[PDB]
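Single-structure report; data block below.
Since every read-out is calculated from the coordinates, none of them should be taken as a lab result. Positions of Cβ are backbone-derived with ideal geometry, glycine not excepted, and every protein chain shown enters the neighbour counts.
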4 protein chains.
Amino acid sequence: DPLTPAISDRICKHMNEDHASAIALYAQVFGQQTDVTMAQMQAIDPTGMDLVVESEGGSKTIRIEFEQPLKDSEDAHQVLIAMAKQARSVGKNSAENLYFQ
Amino acid sequence: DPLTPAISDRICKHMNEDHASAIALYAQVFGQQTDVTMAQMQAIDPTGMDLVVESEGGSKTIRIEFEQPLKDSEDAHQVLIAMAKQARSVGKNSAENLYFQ
Amino acid sequence: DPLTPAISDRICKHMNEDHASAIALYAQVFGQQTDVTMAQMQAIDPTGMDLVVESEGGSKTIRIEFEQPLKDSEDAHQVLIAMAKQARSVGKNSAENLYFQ
Amino acid sequence: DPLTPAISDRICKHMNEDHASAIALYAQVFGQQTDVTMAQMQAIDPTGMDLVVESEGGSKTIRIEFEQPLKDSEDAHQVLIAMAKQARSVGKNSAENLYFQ
Ligand SMILES: [Zn+2]
Ligand SMILES: [Zn+2]
Ligand SMILES: [Zn+2]
Ligand SMILES: [Zn+2]
């Protein structure tokens, strides 16, 4: 059930390998990062995730706190996939809301 | 001043008697050990240290490898103290790097 | 002793967090990639290491085979640190031995 | 058909009879198990499959979570075969671009 640091290590590796676009998208939307070229997960725990975010001339580490705490490892992948969808939707709505002085 | 079995014993005794919180921190942070009941140094050598950890009634030996070989015995205490500061400081974000879903 | 998949993951995670510039360097010199923005270790085993390299173009996986197989897991770090030195020291002699046609 | 425990029983049974080398391959690659004697599927459900893995020493149960939940309208025999291919394929990407120190 609970999220051992070894399962965090495995979740992060899986997401870095097979969902690098979802992580850039987390960093862009929840991370409010701009000209994000790439992003990797470094840790996940029940309250949030550590992302390393590369811009066109440097890198930083950000934290994204979850609205809901992560109960069980067995859910983490379905929740991260749902956050990637939610992030798609919120990025779409924001990009639409451009006004000019 | 090469590190010997004798010196190792004494370093371990000192850290166990006087720096018990530091060893738990090592096990928790570097060793990724969760719900840890006891942690003690068993041995130290130039390249690393061996820890015995009780998590759930059961015990294992974990090894933490140093980023750098210890030059000599006289460096051990100052490296272990610094390593306890280093461990207290993993996770920590600039603040400007904290966001929310 | 034996380099396990679990230890591979730990070495790669360490190298990606503490030595990212070293891995970019491996991709550059050992991996003859010239355009390299960044690079992550994906796996390490006794005979070599697997890298994801990002060029402006995009991403690719490469493998670098060690000259001598890793004797064990505890040798990995000192071998990687030495390879980073090997790698930084390729543009050497030529520096003082410039001649003109 | 949707995955009832009676359906799991027949899928596992066939895999365990006709595809034991695939089940061992799941456990070695996906499951990161080494020195595996053999391995059996004990159960499969929309989100993953439970394997029993035996090593020289003893046995252990692992779970492998599917990228996509199974939709029943998609077969599983064919899906597990795809997973068998994808497992042999892991590493092959990187080992195609082999370099030497
Ligand atoms: Zn002291
Ligand atoms: Zn290091
Ligand atoms: Zn079949
Ligand atoms: Zn996935």
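Summary table below
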item	result
Failed condition for C:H19, given (1) within 27 Å of A:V52 (Cβ to Cβ); (2) within 14 Å of chain D (Cβ to nearest Cβ); (3) under 11 Å from the mean Cα position of the chain (by Cα)	(2)
Among the residues listed as A:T47, A:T61, A:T37, the single one being more than 16 Å from ligand 3 (Cβ to nearest atom), of a type in the set (V, I, T) and away from chain B (no Cβ under 13 Å)	A:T37
Odd one out for B:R10 among (1) without any contact (Cβ under 8 Å) to a residue 24 or more places away in the chain; (2) away from ligand 1 (no atom under 15 Å from the Cβ)	(2)
Any hit, the stretch B:65-76, residues being away from ligand 3 (no atom under 16 Å from the Cβ) and under 11 Å from the mean Cα position of the chain (by Cα)	yes
Selected residue [hydrophobic (A, V, I, L, M, F, W, C) and touching a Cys at 6+ places or on another chain (Cβ under 7 Å)] from A:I44, A:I81, A:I64	A:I44
Test: A:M38 is of a type in the set (A, V, I, L, M) and under 10 Å from the mean Cα position of the chain (by Cα)	no
Answer residue from the stretch B:33-72, given it is touching a helix residue (DSSP H, G or I) at 6+ places or on another chain (Cβ under 8 Å) and β-branched (V, I, T) and is nearest to A:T4 (Cα to Cα) among those	B:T34
Unmet requirement for D:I11, which otherwise passes all of (1) within 16 Å of ligand 3 (Cβ to nearest atom); (2) in contact with an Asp or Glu (Cβ under 7 Å, 6 or more places away or on another chain); (3) not hydroxyl-bearing (S, T, Y)	(2)
